[PDB]
Amino acid sequence: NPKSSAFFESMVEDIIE
Amino acid sequence: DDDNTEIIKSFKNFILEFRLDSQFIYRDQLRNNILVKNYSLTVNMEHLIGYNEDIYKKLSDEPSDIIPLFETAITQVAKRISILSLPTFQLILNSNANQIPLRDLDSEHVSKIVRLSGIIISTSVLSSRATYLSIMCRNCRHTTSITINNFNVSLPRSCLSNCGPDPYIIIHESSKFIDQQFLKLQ
Amino acid sequence: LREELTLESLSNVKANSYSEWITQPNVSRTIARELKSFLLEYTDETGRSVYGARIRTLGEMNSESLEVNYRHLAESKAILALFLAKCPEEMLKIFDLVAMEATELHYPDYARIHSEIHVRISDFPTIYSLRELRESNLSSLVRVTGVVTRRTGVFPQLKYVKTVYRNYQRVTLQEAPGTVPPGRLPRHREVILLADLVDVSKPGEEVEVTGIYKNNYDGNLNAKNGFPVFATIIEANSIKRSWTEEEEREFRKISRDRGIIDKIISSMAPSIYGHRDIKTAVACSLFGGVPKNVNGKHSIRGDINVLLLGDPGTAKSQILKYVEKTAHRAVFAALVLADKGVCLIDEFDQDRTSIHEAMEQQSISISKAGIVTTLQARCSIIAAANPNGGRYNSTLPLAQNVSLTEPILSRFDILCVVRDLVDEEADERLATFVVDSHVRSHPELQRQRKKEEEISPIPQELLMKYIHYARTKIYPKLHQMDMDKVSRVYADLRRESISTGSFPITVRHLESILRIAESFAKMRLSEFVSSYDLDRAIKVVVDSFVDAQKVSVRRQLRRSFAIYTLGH
Amino acid sequence: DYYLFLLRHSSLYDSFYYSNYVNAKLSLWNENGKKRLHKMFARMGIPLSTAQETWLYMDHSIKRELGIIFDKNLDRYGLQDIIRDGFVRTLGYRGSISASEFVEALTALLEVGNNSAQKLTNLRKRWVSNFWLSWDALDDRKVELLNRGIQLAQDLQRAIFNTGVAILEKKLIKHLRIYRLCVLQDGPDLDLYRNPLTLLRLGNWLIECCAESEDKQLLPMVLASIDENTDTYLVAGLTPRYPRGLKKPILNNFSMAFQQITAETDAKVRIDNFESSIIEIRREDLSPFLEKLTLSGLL
Ligand SMILES: Nc1ncnc2c1ncn2[C@@H]1O[C@H](COP(=O)(O)OP(=O)(O)NP(=O)(O)O)[C@@H](O)[C@H]1O
Ligand SMILES: [Mg+2]
Ligand SMILES: [Zn+2]
């Protein structure tokens, strides 16, 4: 789902940073 | 029903077998305490954990139920090493677990072993509690007895030997008691 | 069962009441799906989904309460906001059961950390005082403000009626005095605080509360009033009441400039004209030295205590009120409430006895009916007094003009006398300033900026932040070079005091000098005391010492002490 | 076994927090690192207040589930290297210990156990007594001394960490072209670095940080500390090293450089230690010595 992508991005930033 | 016997057997075998290097430290302590008429034993948590972690797990989950069983196990061991009568022995504990500040205790800690510290600010006078207690039945004049222990009881109503709705009274003339005291920690 | 409603289908309430419409299964499932879709999708203008970020920080602190802003919920899916306003007790159950799903999407097996999460609502867009509440508000969400009058201790409470418990606490809330109309008494209400919210507030605070307004039967009320009258309670849902690198750089920038000490003193008490020495002493007390202690049974205050003798009307109460508004924490007249703060006294046997023990120690002790306990004072004391009737007498020493024992004067750091002197020019300056301030305050953005910058050389918001920063961060130390000179000056002052027959100077004065020098160093954020700090401290203490003496002794002292009071 | 600093003593949280590898991997010297550790424990399903409990008293279920919890979670933080195998010993009922903890206890006992020439003689004589304080701890009959050693080891690592954060946050590392230079002019208590082993522990801390901070420029490093009684700097030359998880070995070249400058220099210096990579030099002579060193092509 593209609309909820910001939520998962905030989740995934823990992996990235 | 059988679980009450296995736990007592386990603690009885704990006292009779724990060596560190060459001295049965708890057999020696329990003998040396009796000679000066001190009926108690000071167990250390770390040694109990080292001996068998399952016993410590059972003790940690349900202290209020399991402490009396270990006390009566201490009595059963105490009779063997000194007789070819004694009261019930008091268990005392030492621990190094993390101290909880007094301000942080809350509903999550109810019925858990807790280690804390503070300043004593007041002390009550001594008061009497009952351990062994004798009973007289009012109607038939039959008699019986009850054994109390002080962990979290009322007089029974199952009349014996109709015998009536609430016939029991206490014979203070043939009963046993212990001391109790209250304190305040700041 | 299987089929679901559309959001447009919920526009028509089809049952006879709201609560009987929310509680139906298909409607409830639709609301749960829509709330989950809202929580996973709402965005800032920059994207940057706020609630994904908040759920992330929920686990970082091992917390239990998620916070939701009402305006966001009203900005989209408005009907859910309406239902929440009308039926909070159901809507919050559904919302909590959605919030647990949202948090487990970030942190699987968070149920092992906490079993249940509570949603806190914020920024509810309508407010009542305790006057406007009526029976129509029952079971509706309300937002209320007031002062907390009384607080119980925390207890556990049985959760279900295998066993589980939760924390509990009750709070009494009262109307703020500013809100109460004239000629009416204030009203009261009582608030129930549950698991996460206990001990969130202290007595005397001014607090803002959101929660459900609820009622129940009470036999005693019915018996006494003789009418079927129910009692009402509020169940709280949420309760309401640092610096960046830029602030630090700004502080360091102003501190690097010359004359920052003088500018800070000038900013002190803008509304009051003159009396520079009083402002200096007050600033020094507010900053303070460093508390120190030595094994071998010795200790030294960081706190600086000041006493001021005022002629009638010489601005003492106004500066005390100013300090009350300026300082971080304070008491005005109870020493427990002054812990690491400032204590203020405006007028004056048991009270004096308590003050004797307070100045002698830094901790208070008491016993009662077998109980024994101890408490901490650890505070700076600023006091003022009227000099033994209508007017001070300069011909006499300090003791004649006060109702105080000698150890009080011995143990205070700074002593000063303020008098209504006669001078035409000073009177004209005072009158012009007074009428100018009076006009400037008349009830009848740029005006405020001009007014502010004319009032003071430093914006007082920055000054308060600066004071807090300096108090929390800066801890100065003495330099060992010049202390030989300080010892020689101390010996010389003692010799001169004995020579004229004055009461001698003492180690208390020397300790006060060092502590005041530390305060001067702290005021410019300097971790080192310097020679000019010691000079200023020596001047302050010597002048204060001179002011306490008789006139002939005063003349001899000032003639000899000229190389300290004026020169160095 | 896990490369966690004394896992089976203190607590799990302290085991992660003071680990030399975890500091390099997650940057624990600032809050943006410490929040990662809190975040990890939140995702792993371990309540943070239980993670700080003493590891002996920690709940049995977490103890037995820890071996599987790490397999699912350490990958997300780039921390898979924590897992390895090691040797563990136990005697009777008194509990287990691994070799990795044992050696830390012994080294702690060596370090901390209890005009100019006389003071140097006294210091070196004091350091010799700790050899016997460690020798007697290799006996099973004297576990009491080993426990004391562990208690000292924890404090040593604490003090080292509290100095490393100060070095990094104030940015005292000077980035010269050929090598990295760091000199400690002051500290909370600089006496602890007067012993060589403590100095090498601090150097190993900084080397892990420098190794993981950037992919580029594996360089030699020089670390020094002043003493107020001698007015001499104690200097050590340290190599880089490659990460754990990654081929001939490199060699420390500071020995020949220090020897050559010592042969040349006017400076007042000492070389008598068995490890020639450590030298001593008076206060005023540090800067000319280092000037001649960097001018030399031997680095
Ligand atoms: N610059 C000023 N200098 C002196 N008085 C001032 C000044 N500005 C205002 N005042 C007024 O003068 C009084 C200041 O002294 P203050 O001590 O506060 O009064 P007071 O409390 O009634 N006298 P007292 O009861 O002895 O404390 C107040 O009434 C002020 O309104
Ligand atoms: Mg006044
Ligand atoms: Zn009967």
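We number chain C the same way Swiss-Prot does; the residues here are 177-337, 379-458, 475-566, 595-609, 614-709, 745-868, in that order.
Positions of Cβ are set from backbone N, Cα and C atoms, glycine also.
Positions annotated as ATP binding site by Swiss-Prot, on the basis of sequence analysis: C:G543, C:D544, C:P545, C:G546, C:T547, C:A548, C:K549, C:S550. What Swiss-Prot records for C:675-678 is motif 'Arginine finger'.
For C:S550 (ATP binding site), the count of additional Cβ atoms within 10 Å of its Cβ stands at 14 [all protein chains shown]. Taking Cβ-Cβ distances under 8 Å and a sequence separation of 6 or more, the neighbours of C:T547 (ATP binding site) in its chain are C:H508, C:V683, C:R684, C:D685. Apart from the site residues C:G543, C:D544, C:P545, C:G546, C:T547, C:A548, C:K549, C:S550, the chain places the Cβ of C:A649, C:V683, C:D685 no farther than 8 Å from the centroid of the site's Cβ atoms, the recorded ATP location. Residues 518, 537-540, 624-625, 646, 806, 808, 812, 815-816, 841 of the same chain sit 6 or more residues outside the motif 'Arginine finger' (C:675-678) yet have a Cβ under 8 Å from a Cβ within it.
Annotation for C:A548 (ATP binding site): spatial neighbours C:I505, C:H508, C:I511, C:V683, criterion Cβ-Cβ under 8 Å with sequence separation of six or more. The most densely surrounded of the binding-site residues C:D544, C:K549 is C:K549 (count of other Cβ atoms within 10 A of its Cβ). Counting other CB atoms no more than 10 Å from each candidate's CB, the binding-site residues C:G543, C:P545, C:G546 peak at C:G543. Closeness to ligand 2 is met by C:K549, C:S550, these being the binding-site residues among C:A548, C:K549, C:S550 whose Cβ falls under 6 Å from the molecule. DSSP labels the residues of the motif 'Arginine finger' (C:675-678) in these numbers: 2 helix, 0 strand, 2 coil.
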